[PDB]
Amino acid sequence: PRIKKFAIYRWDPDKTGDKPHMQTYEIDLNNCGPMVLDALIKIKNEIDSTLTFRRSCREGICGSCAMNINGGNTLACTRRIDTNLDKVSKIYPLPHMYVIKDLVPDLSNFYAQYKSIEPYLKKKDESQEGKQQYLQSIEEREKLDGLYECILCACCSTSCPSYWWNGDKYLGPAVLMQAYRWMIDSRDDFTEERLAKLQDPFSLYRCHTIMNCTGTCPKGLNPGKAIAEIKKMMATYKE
């Protein structure tokens, strides 16, 4: 055998007088896949069938199971469990998010910010669209490598202290990196008014290069890096 302990955050909105508490579980790792999600699933199916959490791809490419495992925001389907048993894997939901239940935090705001940047191709003349393919050199395309892959796991933006204290008005990395992604997409024609949308104290400028965001990203992406890049466009673009 081989027991590993999991200490996991819990909360039920349908059990009056309940309040945020942790609960431990114990798992023979010989009968369990390597990844943390495997565990949370294995405990759901075998042990406790109350535990509530988000999941789908189990392949680390969809962003459903984002959560704080041992003080760092990642995908549970990609973090392999700590084979060392003296340690007890702690699991919490993503930080400073209103918890709907257990490990299921409310992202509607997160998405709504994603909405607020207009993530799609914009052209001045959309009269010839949907008929010819737009041209883009491989060099112009390469500028998106490192940006286009963003899962929307939201591990980053929810690790940024600026976004903890300013979820309402600050956009956060996830989204800004994508705003940037459209800025330097050659095909797009609205690069300036995209930049114009960020001319306020908060939208962009609550970044203070804390760099927690890039640290925790599940896909090795570098938002901070992209924020910086934005700020440089912001100061040197003309009109």
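All residue numbers are counted from 1 along the displayed sequence.
*Asks:* On mean C-alpha B-factor from the PDB entry, just flag whether 69-77 or 146-154 is the higher one.
*Replies:* So the stretch with the higher mean C-alpha B-factor is 69-77.
*Asks:* Going by the B-factors listed in the PDB entry, is the mean over the C-alpha atoms higher for 175-183 or for 54-62?
*Replies:* Per the PDB record, 54-62.
*Asks:* Of the choices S162, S89, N109, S116, which one's C-alpha carries the largest B-factor in the record?
*Replies:* Across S162, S89, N109, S116, the entry lists the biggest C-alpha B-factor for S89.
*Asks:* When you compare the CA B-factors of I27, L195, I210, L204 as listed in the entry, which one comes out on top?
*Replies:* In the PDB entry, the greatest C-alpha B-factor among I27, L195, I210, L204 is found at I27.
*Asks:* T16: which third of its chain by C-alpha temperature factor?
*Replies:* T16: CA B-factor falls in the highest third of its chain.
*Asks:* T216: which third of its chain by C-alpha temperature factor?
*Replies:* Middle third of the chain for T216's C-alpha B-factor.
*Asks:* Please say which third, lowest, middle or highest, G130 falls into when its CA temperature factor is compared across its chain.
*Replies:* As the PDB entry reports it, the C-alpha B-factor of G130 lands in the highest third of its chain.
*Asks:* Ranking every modelled residue in this chain by its Cα temperature factor as given in the entry, which third contains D168?
*Replies:* According to the entry, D168 has a C-alpha B-factor in the chain's lowest third.
*Asks:* By the record's CA B-factor, is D38 among the lowest, middle or highest third of residues in the chain?
*Replies:* Top third by C-alpha B-factor.
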